[PDB]
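Residue numbers (UniProt numbering): 247 to 315.
The C-beta atom is built at its ideal place from N, Cα and C for all residues, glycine as well.
Some notes on the structure that comes next.
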Amino acid sequence: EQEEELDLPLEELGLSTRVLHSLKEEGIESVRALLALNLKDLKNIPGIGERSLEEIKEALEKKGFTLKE
């Protein structure tokens, strides 16, 4: 299994480009960090917009983890 607890690099998750750069250099280069970004974190990033929240969700749709819903 390659997703028992979700642990991949966001830069590869394929999320919106705005995410790759921001999330990555935002101390977040994986879906685990993307998971830590609670509602007052993902939308807090000054480099995260709707085009980013969408892809992120898609990721939580592939793994189904919480911490951001």
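query: Please classify residue 285 as buried or exposed, where buried requires at least 16 neighbouring CB atoms within 10 angstroms.; result: exposed
query: What's the gap between the Cα of residue 256 and the Cα of residue 265?; result: 8 Å
query: Please go through the UniProt region "Alpha C-terminal domain (alpha-CTD)" (247 to 315) and give each complete alpha helix (DSSP H) segment of 4 or more residues, from N-terminal end onward.; result: 256 to 259, 263 to 271, 277 to 282, 285 to 288, 296 to 309
query: Round the Cβ separation of residue 252 and residue 311 to the nearest angstrom and send it over; I've been treating them as touching at under 8 Å.; result: 5 Å
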